[PDB]
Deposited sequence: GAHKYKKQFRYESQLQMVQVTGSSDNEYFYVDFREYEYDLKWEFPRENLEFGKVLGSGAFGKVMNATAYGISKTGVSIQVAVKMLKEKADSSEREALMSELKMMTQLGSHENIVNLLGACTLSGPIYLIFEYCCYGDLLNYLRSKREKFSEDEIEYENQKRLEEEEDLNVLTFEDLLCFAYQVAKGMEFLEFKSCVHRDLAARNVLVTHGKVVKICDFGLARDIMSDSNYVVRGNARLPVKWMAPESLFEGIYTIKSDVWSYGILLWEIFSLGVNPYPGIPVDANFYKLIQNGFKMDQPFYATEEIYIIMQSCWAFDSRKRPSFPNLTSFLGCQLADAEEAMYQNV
């Protein structure tokens, strides 16, 4: 399953919607790539289902150079049910189009053998590991406060683009934001990690989840605003576990349903703490849009 899904709303209230299955749609062949031009690298991450590696793709760009890449693929010893599920993520990503703040799809290998899907390369890694790594040399090669603000604006216009395309990202967090050349960052998708609770066949990032997700399984564009506020806390904390010190247990569910909100993090202005509280409104109608967070932050940066 892909934590990024496209929705078609069938009503007014929040739960009136349904997801889109591409299993019956046809795959566009112009994304097809030959495996001849994939020169590998070192594993860059592998859970249970699959992995994503570094690779080198000669003649895959407009001009044509090496241009390192990341390649998502299975390793379930050639499975069946898990394979077509990946084909449908390919079909969706192909129709999302490029945005400057999304880890974009560059190609795929379909009938070429075992299924490969080729994504952009972000050399500086996920934002979580990038933030925590620079806690030493934070200053008031090493980052300003406009970095914290530019990061927030880029993820916002990225989620603003996912809303235009009628998508929802059900796992917005710092581990899923990746830094590439020149302090530009891009949203991406994807059991020894403390952040996900497993509950049935679902793996849930409880501390990032909006109450309507924790308690009734609703995922809307406004549920991503809630997670975005949590990420806002992740950025201006320099990346410490949201709700620090509190374990994910039954007591944490009573926390969120009773109206718990995190305190202002150290590196945050009084201004953008207010914006964090907006996303943490219990009523999702009371929450700010992703458009509204174009101007409200893209301006806060210009003063820096």
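- Residues 1-11, 152-168, 219-224, 339-346 of the deposited sequence, counted from 1, carry no C-alpha coordinates in the model.
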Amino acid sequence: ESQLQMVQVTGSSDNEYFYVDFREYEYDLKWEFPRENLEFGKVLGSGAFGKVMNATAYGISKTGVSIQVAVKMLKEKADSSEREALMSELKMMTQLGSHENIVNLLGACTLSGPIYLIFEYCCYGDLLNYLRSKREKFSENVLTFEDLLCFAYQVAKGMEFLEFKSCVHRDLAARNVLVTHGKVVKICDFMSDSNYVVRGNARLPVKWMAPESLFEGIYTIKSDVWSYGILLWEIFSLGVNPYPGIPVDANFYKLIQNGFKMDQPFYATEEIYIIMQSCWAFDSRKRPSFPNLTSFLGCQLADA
From here on, numbers count along this sequence of modelled residues.
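- As recorded in the PDB entry, 32-40 is the stretch of 32-40 and 238-246 with the greater mean C-alpha temperature factor.
- Mean C-alpha B-factor is higher over 149-157 than over the other stretch, the pair under comparison being 149-157 and 212-220.
- When the C-alpha B factors of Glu163, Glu76, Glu89, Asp171 are read from the deposited coordinates, the top value falls at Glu76.
- Looking only at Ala70, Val65, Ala268, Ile256, the residue with the top Cα B factor in the deposited structure is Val65.
- Looking at the C-alpha B-factors along this chain, the one for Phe190 belongs to the highest third.
- In the PDB entry, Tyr58 places in the highest third of its chain by CA B-factor.
- Ranked by Cα temperature factor within the chain, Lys207 sits in the lowest third according to the deposited record.
- Compared with the other modelled residues of the chain, the Cα B-factor recorded for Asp126 ranks in the lowest third.
- In this PDB entry, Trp233 carries a Cα temperature factor that places it within the lowest third of its chain's modelled residues.
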